[PDB]
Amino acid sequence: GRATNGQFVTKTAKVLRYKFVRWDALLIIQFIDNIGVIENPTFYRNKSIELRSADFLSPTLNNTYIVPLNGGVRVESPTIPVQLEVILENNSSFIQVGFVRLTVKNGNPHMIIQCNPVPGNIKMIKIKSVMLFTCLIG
């Protein structure tokens, strides 16, 4: 039981808030920055987690973006698929099914985001899904 607040922080000092439950064996963690809402009987708003070029390790292979993180938990999560929008520097954009994991390198957490080839360089990825990882410890 009850759901404890947490956060990561990115290179550019962006703060990714989450809630979790540790039950151990079991860690279940949800990002809470971008919970979509219905405004109007014609309109649902997706909110985004906005990650910029500066939050990624340069350089990138295989459209795999590594977002090194500080604080929060060190888990090897499963892969979850998400709704992405990838924003090129030329400001065209592509909707994609992305795939996200949490992983631990050195002493540190990282988010892995994997998407499809885009015809340009990337200024921003936005995650438009509400993300929850169910993790197994050890």
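Residues carry their position along the shown sequence, with the first being 1.
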property	result
9-17 versus 124-132 - which carries the larger mean C-alpha B factor in the record	9-17
Comparing 77-85 with 32-40, the one whose average Cα B-factor in the PDB entry is higher	32-40
Selection by C-alpha B-factor (highest) of 46, 64, 96, 90	90
Cα B factor band for residue 51 (lowest, middle or highest third within the chain)	middle
Record-listed C-alpha B factor of residue 111: chain third	middle
Among modelled residues of the same chain, the CA temperature factor third for residue 57	highest
